[PDB]
Amino acid sequence: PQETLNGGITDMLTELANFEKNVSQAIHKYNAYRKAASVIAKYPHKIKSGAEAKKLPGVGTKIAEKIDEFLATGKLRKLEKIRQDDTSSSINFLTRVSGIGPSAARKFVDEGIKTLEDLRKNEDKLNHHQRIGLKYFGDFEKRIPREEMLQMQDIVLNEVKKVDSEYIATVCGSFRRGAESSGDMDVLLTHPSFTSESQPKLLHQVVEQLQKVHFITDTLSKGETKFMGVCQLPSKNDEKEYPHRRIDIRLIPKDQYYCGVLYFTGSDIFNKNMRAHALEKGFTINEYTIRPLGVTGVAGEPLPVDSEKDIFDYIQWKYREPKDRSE
DNA sequence: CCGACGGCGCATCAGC
DNA sequence: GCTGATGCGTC
DNA sequence: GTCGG
Ligand code: NA
Ligand code: NA
């Protein structure tokens with residue numbers, strides 16, 4: 001649907017979602033607003049009344065009333081008021097800094113820290129993640145053209161194979177689904193020497209090499225199975241610098257790899273559909289495994305998986321290439 | 001009326 | 001020192 | 001906030 005259909009309503013619900021998460025710290029209300037915003041955004045008609053919207057799953061009484069108020073007034077009293085509120089708007093804004101959640105933002109604003117400038121003034125109150133988040137505030141909210149993603153993939157796959165040619169690396173996310181742009185880079189990593197029933201430096205070596213060639217610039221978090229950090233494409237000739245990008249690298253066991261690849265390829269909506277249909281045919285699919293729901297409903301042992309298709313096979317659904325996985 | 005609503009790696013806090 | 005809780009970013 | 005036991 002075109003945005004002009006019910007965009008005013010969806011923007012309304014999304015804004016309400018953020019204040020619930022960031023200010024009220026009610027994560028389930030946040031998701032409730034987003035869900036209602038999702039089903040409305042995919043609704044192929046211009047909504048005439050809240051009663052019309054209430055027919056949709058995820059839209060209840062309270063949102064039906066807010067829609068009626070929005071249709072009749074072009075705005076929401078509560079949303080208008082919370083927008084002016086100095087404390088609430090400052091708290092909501094600070095959570096756009098990676099590393100600052102609702103709890104940290106609350107603390108900062110409690111002691112008078114409301115803006116990026118105040119944050120910059122009080123560096124010694126920020127942790128390592130929050131400093132990196134503050135440093136790349138602008139960059140992190142920029143999106144990544146597929147062209148740059150493909151260049152980022154070139155570097156990753158090359159350095160990874162350079163460290164050990166036996167690595168298997170797969171760039172997932174919306175990129176793998178063929179999206180024209182992405183929000184970050186998600187790299188999934190496995191090795192023949194790493195299984196469920198089994199060296200604690202496999203991830204380190206990959207990160208280190210990507211650091212050595214100055215692709216990875218900063219570290220948000222790093223352990224033995226997961227890396228979260230920053231990366232930057234090299235600049236050419238005399239041209240302007242590229243933005244710094246968010247990049248995640250996960251080390252997954254070989255027997256859990258393709259469940260991981262499918263899972264982190266997404267999308268959200270596709271994965272639920274696939275999960276929901278997995279349920280109706282007697283299987284359960286998580287990030288790690290596919291498991292057969294038993295007589296009583298007790299998941300037996302994880303089944304052998306050699307590819308994404310192996311999983312599709314089990315649940316009797318026909319394989320679908322990543323470009324057709326938005327739902 | 002009332003509970004579910006995603007579960008987890010990592011960094012860091014609360015506390016022994 | 002340590003264990004556990006909490007916060008954070010996430011399919 | 002919405003859904004459903
Ligand atoms: Na409904
Ligand atoms: Na944040």
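So that the names make sense, note that chain A is the first sequence line, chain B the second, and so on, each numbered from 1. Note: hydrogens, waters and symmetry copies are ignored here, and every other heavy atom, side chains too, is used.
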Return the residues of residues 81-99 of chain A meeting this criterion: a heavy atom under 4.0 Å from some atom of DNA chain C. Order them by number, or give none. A/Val97, A/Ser98, A/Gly99
Boundaries of the DNA chain C segment in contact with chain A, non-hydrogen, under 4.0 Å: C/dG7 to C/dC11
Letter by letter from the 5' end, nucleotides 1-7 of chain B scores (B base, S sugar-phosphate only, - none; protein heavy atoms under 4.0 Å) ----BB-
Sign of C1'-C2'-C3'-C4' at D/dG1: does that make it north or south? south
Would you jot down, in residue-number order, the residues of residues 101-112 of chain A having a non-hydrogen atom under 4.0 Å from DNA chain C? A/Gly101, A/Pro102, A/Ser103, A/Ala104
Is the phosphate of B/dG9 approached by A/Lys226 (side-chain N or O, under 4.0 Å from OP1 or OP2)? no
Any donor-acceptor pair under 3.5 Å from A/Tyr167 side chain to A/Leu202 backbone: yes
Between A/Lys81 and A/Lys78, is the side chain to side chain contact (heavy atoms under 4.5 Å, CB included) condition met? List the steps. CA-CA 5 Å; A/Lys81 184 69 184 172; A/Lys78 295 184 186 196; 5.9 Å; no
Please report, to 0.1 Å, the donor-acceptor pairs under 3.5 Å made by any side chain of residues 49-59 of chain A, with sequence neighbours excluded.
| from | atom 1 | to | atom 2 | distance (Å) |
| --- | --- | --- | --- | --- |
| A/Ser49 | OG | A/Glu52 | N | 3.3 |
| A/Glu52 | OE1 | A/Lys48 | N | 2.7 |
| A/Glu52 | OE2 | A/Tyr43 | OH | 3.1 |

Using a 3.5 Å limit on both distances, find every run of at least three consecutive Watson-Crick or G-U pairs that involves DNA chain B. B:1-5 with D:1-5, B:8-16 with C:1-9
Nearest-angstrom distance from the residue atom CG of A/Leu126 to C1' of B/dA11: 14 Å
Stepwise side-chain hydrogen bond (donor to acceptor under 3.5 Å, both in side chains) check, A/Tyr257 with A/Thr170: CA-CA 10 Å; A/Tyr257 186 67; A/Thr170 317; 2.7 Å; yes
